């Protein structure tokens, strides 16, 4: 009875640790704002598996966030680089450090859909003193509007604390 492409997202520690670092790592240079990135992983019985991830340069106007830019040439290259090394991981969605959805995530997601028709947004909460750290979403099409529904997301890679 599944009208939805994905119904669960398993975000691996790497990713969460990837993003958290990437966030704080660029904070020592007065990083004020949220980070945006791409997710790479595999697909199963509607379980999306998010194995790996890279950051992409992204800007948005803090006064009208319909003014934003995400560098698709970068993402395409960087993903190209990834294929040269890591076996078949695919662009499976994207991420950003929220902590909440943004007015423009729907539009950002639309760009991403170019690379994965069932892109899944995962909002990775970067704050340490902060419920479950990932919150996956996926754009549903409800004139004909568009909005993000919640998809179950938990963390869980095999082997070693």
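Numbering follows the first chain given and starts at 1.
Unmodelled stretch separating residue 130 from residue 131: 1 to 3 residues (count of deposited-sequence residues without coordinates).
Missing deposited residues between residue 21 and residue 22: none, as the chain runs unbroken there.
Legend: mean Cα B-factor per stretch from the PDB entry, 71 to 79 versus 86 to 94; the higher mean is in 86 to 94. Comparing 107 to 115 with 27 to 35, the higher mean C-alpha B-factor in the PDB entry belongs to 27 to 35. In the deposited entry, the Cα temperature factor of residue 136 places it in the middle third of its chain's modelled residues.
Annotation for residue 124: CA B-factor lies in the middle third of the chain's modelled residues.
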